[PDB]
Structure formats: C-alpha cells, structure tokens
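S.K.: Once you've had a glance at the structure underneath, I'll fire off some questions.
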Amino acid sequence: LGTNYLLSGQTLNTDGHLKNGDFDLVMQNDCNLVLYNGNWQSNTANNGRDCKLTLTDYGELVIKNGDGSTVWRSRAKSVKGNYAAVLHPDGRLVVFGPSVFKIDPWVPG
Amino acid sequence: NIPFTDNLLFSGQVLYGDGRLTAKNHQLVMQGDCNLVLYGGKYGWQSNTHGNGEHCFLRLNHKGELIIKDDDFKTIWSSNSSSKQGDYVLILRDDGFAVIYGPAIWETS
Ligand SMILES: OC[C@H]1O[C@H](OC[C@H]2O[C@H](O)[C@@H](O)[C@@H](O[C@H]3O[C@H](CO)[C@@H](O)[C@H](O)[C@@H]3O)[C@@H]2O)[C@@H](O)[C@@H](O)[C@@H]1O
Ligand SMILES: OC[C@H]1O[C@H](OC[C@H]2O[C@H](O)[C@@H](O)[C@@H](O[C@H]3O[C@H](CO)[C@@H](O)[C@H](O)[C@@H]3O)[C@@H]2O)[C@@H](O)[C@@H](O)[C@@H]1O
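Chains as they are written, first to last, in the authors' numbering: chain C, 1 to 109; chain D, 1 to 109.
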C-alpha cells in the first residue's frame, strides 16, 4: 500500500495509516476512521471489530467489520472504474476517479 | 499554490528543471532538456521530446490533461486524456505506473 493513497480493490487494514505530513488517517481497532489533525472522523467508534477501509470500483469508501458487514460508506459514487483516495497535503481525504490516463514503464508502450 | 508531495501532482501544479515525482526506485522527471522521463519499471518511459523546446514545464489541468509546454506555451506533448471539469491528481504509484485520476467526487471537507 502507498503511504498516502488507497486504490480501488485495495484494503487499509485494522490499525493502518495513510499519512501526509501532520495529517494522519487511521483505520482504528475500535472501527473509527480518524483523520488526526484534519478535524474529521467516520464517527463509527465501537461499531465493530477488525474493521477495514476499502474503495469500490464506483469510488465509494467503505468501512466493513471483520465479518464483512458494512459499518460506514462515503455514499458518493460514480461510473465503474479505477479510483484513488488521496490524503491531500492540506489535510483532506479526497476520492478521485475514474482513471483517465496511465504511463506504463513495464511494457515498451 | 498547493504544497508538494513527492509521489503526487495535483491539478494546477507544475514540474520543470528536473523537478520530479518519486516512489520507491521510480522517478517521473520533467527534465531540463524538455524530455519527460519515467526512470523505473522494466523499460522505463519517455515522452521522447529531447530538445523540442526550451525551459519546458509539465502541468496537469482541471480536465485531466497532462501537458508539456515550452517557455512560449507551445505544446510539446500531451496525454490527450481530457475528461469532465474538476480536480485531478497524477500519482506515481508504488507499482511504477503513473496514473491520472479524476475528477474529485468526494472529500472530508
Ligand atoms: O481531535 C480530533 C477529534 O478527537 C476526537 O475524535 C477522535 C476519537 O474518537 C473516539 O473517541 C475514538 O475513536 C478515539 O480513538 C482512540 O481511543 C480509542 C478508545 O480508547 C482507541 O481504541 C483508539 O485506538 C484510539 O486510541 C478517537 O481518538 C473527538 O474529541 C473530536 O471532537 C475531535 O475532533
Ligand atoms: O529508462 C527511461 C528511458 O531512458 C531512455 O530515454 C530517456 C533518455 O532520453 C534522452 O536521451 C535524454 O532525455 C536523456 O536524458 C539524460 O541525458 C540528457 C542529455 O542527453 C540530459 O540532458 C538529461 O538530464 C539526462 O541526463 C534520457 O535519459 C531510453 O532508454 C528509454 O527507452 C527509457 O524508457
């Protein structure tokens, strides 16, 4: 996982961080997704155990407990594709998508 | 202006004079010789624009198009990935791909 972004299909596991300078996003053990120094939280403390942050192919951020039950969702959705949730240096977590261009250094093209 | 993050380039931000994005061993450099070069992956990548202009710069606009302009605003290279109006981000990912995502569909604030 990248240090400051999350891609669709990826998981920010329990006690995992996304960090950009002083802004520290934590998917906590108590199920609360907290953006430290960013005055933002999902407000889902004690709503489950072994909670994980995912990003759907429609650009929706989802918090699921250990059994895979949805605890919280960002609600905003767009077209099927590849999205990226980025911790902006000004202290906002932003979902961007879908992908419109890619540089591929793994294939000569 | 927006503060810089080593692996990110947001809409409006500019790279030039060997300014670059880095992630692990990967580097995406807007070189002084007007060539945009990705050093990394297996084969790397280049815009193949060495000497096509002077004092060139890279800029991601608010439609998701990534462009190399010279000192006189002559187009040197373009991603030709123009999409919906909004905020975009170019990410030099940990896996070597440099991907443009947008528009922004959700934010914490
Ligand atoms: O300063 C930002 C914000 O702080 C407070 O919200 C974040 C806290 O929300 C809950 O209280 C918890 O999720 C807490 O998490 C800590 O305590 C847990 C219980 O001990 C623990 O399991 C977690 O690992 C973590 O240590 C969050 O820290 C609140 O005061 C907001 O008003 C304020 O904006
Ligand atoms: O692995 C990335 C890429 O490398 C090769 O293309 C990039 C080179 O293209 C031109 O030769 C130059 O832009 C060169 O830049 C270096 O040399 C310049 C002078 O010749 C100098 O001004 C620059 O600062 C830099 O030192 C690039 O390195 C090629 O193998 C690609 O296939 C490959 O993908």
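Don't be surprised by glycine CBs; every beta carbon is placed ideally from N, CA and C.
1. What residues from chain D crowd round residue 83 of chain C, counting only those whose CB sits closer than 9 Å?
2. Any heavy atom of ligand 1 closer than 7 Å to the beta-carbon of residue 24 of chain C?
3. Residue 12 of chain D: which of D:107, D:74, D:57 and D:98 sits nearest, CA to CA?
4. Could you tell me which residues DSSP puts in a beta bridge with residue 41 of chain C?
5. Suppose contacts are defined by Cβ-Cβ distances below 8 Å. Is residue 85 of chain C in contact with residue 6 of chain C by that definition?
6. Which one of D:65, D:36, D:104 and D:51 has the shortest CA to CA distance from residue 16 of chain D?
7. Leaving out the 5 sequence neighbours to the left and right, which residues in its chain are closer than 8 Å to residue 75 of chain D when beta-carbon positions are compared?
8. Between residue 62 of chain C and chain D, is any beta-carbon pair separated by less than 8 Å?
9. Following a CB-centred definition, is residue 30 of chain C positioned closer than 7 Å to any heavy atom of ligand 1?
10. Note down, in chain order, every chain D residue with its Cβ under 8 Å from the Cβ of residue 4 of chain C.
11. Does the segment 34-46 of chain C come close enough to the segment 91-103 of chain C to have 3 or more Cβ pairs within less than 8 Å?
12. Comparing alpha-carbon positions, which option in C:43, C:25, C:101 and C:11 lies nearest residue 35 of chain C?
13. Between the Cα of residue 52 of chain C and those of C:65, C:101 and C:18, spot the shortest distance and give me the residue it belongs to.
14. Considering only residues of the same chain and omitting the five flanking positions on each side of residue 57 of chain C, which have a CB-CB separation below 7 Å?
15. Taking the alpha-carbon positions, what's the residue 13 of chain C to residue 22 of chain C distance?
M.R.: Short version:
1. What residue 83 of chain C touches in chain D: 101 and 105.
2. No, Cβ of residue 24 of chain C sits at least 7 Å from all heavy atoms of ligand 1.
3. For residue 12 of chain D, the closest alpha carbon among the candidates D:107, D:74, D:57 and D:98 is that of D:57.
4. Residue pairing by DSSP places residue 41 of chain C opposite C:34 in a beta bridge.
5. Taking 8 Å as the Cβ cut-off, residue 85 of chain C and residue 6 of chain C qualify as a contacting pair.
6. Residue 16 of chain D has its Cα closest to that of D:36, out of D:65, D:36, D:104 and D:51.
7. In the same chain as residue 75 of chain D, and ignoring 5 residues on each side of it, the C-beta atoms closer than 8 Å to its own belong to 67, 68 and 69, in chain order.
8. It does not: the Cβ of residue 62 of chain C has no partner Cβ on chain D nearer than 8 Å.
9. For residue 30 of chain C, the CB falls within less than 7 Å of some heavy atom of ligand 1.
10. Going along chain D in sequence order, the residues near residue 4 of chain C (Cβ under 8 Å) are 5, 7 and 8.
11. Of all C-beta pairs linking the segment 34-46 of chain C to the segment 91-103 of chain C, three or more are shorter than 8 Å, placing the two stretches in contact.
12. Here the closest residue by C-alpha is C:25.
13. For residue 52 of chain C, the nearest C-alpha among the options comes from C:65.
14. Once the five neighbours on either side are set aside, the close Cβ partners of residue 57 of chain C are 8, 80 and 81.
15. Rounded to the nearest whole angstrom, the CA to CA distance from residue 13 of chain C to residue 22 of chain C is 21 Å.
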